[PDB]
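[1] Once you've seen the sequence and the experimental structure below, I've got questions.
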Amino acid sequence: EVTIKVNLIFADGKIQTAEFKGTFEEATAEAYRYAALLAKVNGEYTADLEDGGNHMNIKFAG
Amino acid sequence: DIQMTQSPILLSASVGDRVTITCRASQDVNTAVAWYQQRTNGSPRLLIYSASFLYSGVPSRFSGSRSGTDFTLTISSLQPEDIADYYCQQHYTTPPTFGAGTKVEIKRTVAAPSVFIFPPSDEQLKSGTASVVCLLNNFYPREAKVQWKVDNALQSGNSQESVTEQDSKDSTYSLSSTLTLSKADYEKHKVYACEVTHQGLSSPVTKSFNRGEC
Amino acid sequence: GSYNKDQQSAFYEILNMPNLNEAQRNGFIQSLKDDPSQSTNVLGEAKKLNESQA
Amino acid sequence: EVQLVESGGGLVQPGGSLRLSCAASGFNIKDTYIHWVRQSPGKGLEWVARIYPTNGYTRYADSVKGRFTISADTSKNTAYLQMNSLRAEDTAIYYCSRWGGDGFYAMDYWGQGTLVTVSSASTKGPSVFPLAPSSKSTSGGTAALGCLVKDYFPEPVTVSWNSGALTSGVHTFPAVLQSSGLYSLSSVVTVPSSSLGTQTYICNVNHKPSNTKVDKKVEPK
């Protein structure tokens, strides 16, 4: 079980953090799913991976 | 059976932020989903029922929605008292099942801890064990490194930490580290020191006493 | 209250189990009274516990 | 006012039996479903069983079927959970809740919960020691003091200060399991330095499982 740590960076500069747990592939999939969902309200997202995919910076366009 | 997959596991945001927690049913559950809040050492509290309906007395900053098998709980203006675990539950089929929970925590400004140390009591020393307590009070963020030294010797394996849940008003943490020795070992040494490293401190802080000093 | 001959049989089996202590024996009997629909399941668990304490 | 109160939790050996009660008031359980839901320490909620007292219909989680039975006495407005063949994994806070009350299709009321501990270890009351305030527990004109509640089993213990009159500035730490298998915790409180020696500070410790009730006065050395 790994923990993918995510920074959620919103258009107005507000920052939230989240953690997703599971197998690497499950946690990845959950992170991308959560991003897509938030993007509906917060604008198109872009996800930059760091640490071999174990950390993500997800920015929303607004 | 139907399973409810909750994401993320942990979400942290500032006071006033809008936060979104999700729950996914493994198959159609219509709108038969409720959301509960559980604060530390408390019973679950119903927030939302039938996907989108606000329970009486629950603040309007809580709302729920549904799209197919995807369910969302939104808190529109996060308050420090909102720190809790949040659980979804489906009642569409028996067994009714719960999501595994999402923990919500507050982000706030950095605060260095107040660091205090307590020698073993004379009463405890009457029997055969000595507990030395190091206290870190009202700090943020939670991360902190506490090391014990006895006559300048770094200790390992003989201390335990306990940390409070985030405070519902000021969003800080407190932490205790307890060093346990036998009375014989405690009486064999002189200087007991607790060293604390934390983001809010410009360099590590050592709090110390000599056994026998009043 | 009263019982049918099936319920009576279930009581009899648990009453006679030689490896249960009295707390367990009475606990299972109480379960039989509590929920007649669970008679078969309750008896099964009592048997398993009885066997494990042989 | 709707209320449910669970009781009957306690320490039991593996293989043992226990009976929980759920006393309802402010509504009639004849009009709702009653559920039992449990939570292992530090973990999530797990549904255990349900009854509709009006017709006696029951359902159970697969993991307790045959071992636990749910029932209700409408004349006492009370529901029960008989728990036999208990196992370590059954250790949990057990809550009862209602469902369908007032037409609400969710668990709108829950009890405070009752703790069930399944273990071969024996009951043991805590020793309570002062954490005296001193020159090493003071800064900025305020001072920390407390009580160390050490070597007890099972959970839980409660700590109050000055009989509940003192609540501001109190931190009662979550219990920690020591290597001995016994629990320990501290409760601390921060107070004005100027109050030390004029204001009395007493921690009230209660460990119901061992019938231990201690009121310890905490003073500068």
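    Structure received. Residues are numbered from 1 along each chain as shown, chains lettered A, B, ... in the order given.

[2] what's the helix or strand for the residue in chain A positioned nearest to chain D?
    Taking Cβ to the nearest Cβ, chain D has its nearest neighbour within chain A at residue A:21, 13.1 Å off. For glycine as for every other residue, the C-beta is placed from the backbone atoms N, C-alpha and C. Assigned by DSSP states H and E, residue A:21 falls within strand A:15-22.

[3] so the residue of chain A closest to chain D sits right up against residue B:9, yeah?
    Yes - taking Cβ atoms under 8 Å as the definition, residue A:21 is a contact partner of residue B:9 at 4.8 Å.

[4] Kindly point out which residues are neighbours of both of the two.
    residue A:3 (Cβ atoms under 8 Å, 6 or more residues apart in numbering or on different chains).

[5] all helices for chain A, in order.
    A:24-42 (DSSP state H).

[6] what does it put close to chain B?
    A:3, A:6, A:14-21, A:30-31, A:33-34, A:37-38, A:41 (Cβ under 8 Å from any Cβ of the partner chain).

[7] Which of the residues you listed are buried? Put it as a ChimeraX command.
    Paste this into ChimeraX to select the buried members of those, with burial taken from 16 or more other Cβ atoms under 10 Å in any protein chain shown:
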select /A:6,14,16,17,18,19,20,21,30,31,33,34,37,38
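
[8] Was I right to think residue D:128 contacts residue D:204?
    No - between residue D:128 and residue D:204 there is no contact under Cβ under 8 Å: 9.8 Å.

[9] Not including adjacent chain positions, what is the nearest residue to residue D:124?
    residue D:153 (4.8 Å; Cβ to Cβ, 6 or more residues apart in numbering or on different chains).

[10] Hmm, residue D:125 and that neighbour touching each other?
    No - with contact defined as Cβ under 8 Å, residue D:153 does not count as touching residue D:125 (9.0 Å).

[11] With neighbour numbers in mind, choose between these two.
    Set side by side, residue D:153 and residue D:125 show more neighbours around residue D:153, with 22 against 17, by other Cβ atoms under 10 Å in any protein chain shown.

[12] Just list the residues touching the more buried one, thanks.
    Contacts of residue D:153 by Cβ under 8 Å, 6+ apart are D:11, D:119, D:121-124, D:181-183, D:209.

[13] go on, residue C:32?
    Per Cβ under 8 Å, 6+ apart, neighbours of residue C:32: C:7, C:10-11, C:14, C:39, C:42-43.

[14] That one is in what secondary structure piece?
    Using DSSP H and E, residue C:32 falls in helix C:22-34.

[15] can you give me how far that helix is from the chain middle?
    Taking Cα atoms, centre = their mean, to the nearest Å, one finds the center of helix C:22-34 at 6 Å from the center of the full chain.

[16] which element is residue B:160 on?
    strand B:159-163.

[17] and that strand, what does it pack onto?
    In terms of contacts (3 or more Cβ pairs under 8 Å, 6 or more residues apart in numbering or on different chains; DSSP states H and E), strand B:159-163 is packed against strand B:145-150, strand B:173-182, strand D:176-177, strand D:183-192.

[18] May I have it exported as CSV, CA atoms only?
    Output of strand B:159-163 as CSV, limited to C-alpha atoms (Å, rounded to 0.1, in the frame of the first residue of the first chain):
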residue,chain,number,x,y,z
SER,B,159,10.0,6.5,24.9
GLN,B,160,6.4,6.7,23.5
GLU,B,161,4.6,9.6,21.9
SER,B,162,0.9,10.6,22.1
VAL,B,163,-0.6,13.4,20.0
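
[19] Give me the distance between it and the centre of its chain.
    Worked out by Cα atoms, centre = their mean, strand B:159-163 lies 13 Å from the chain centre.

[20] any idea of the angle it forms with strand B:145-150?
    For strand B:159-163 against strand B:145-150, the angle by axes from the mean of the first three to the mean of the last three Cα atoms, to 10 degrees is 150 degrees.

[21] Quick one: residues in contact with strand B:159-163.
    B:142, B:146, B:148, B:173-180, D:173-176, D:178, D:184-186.
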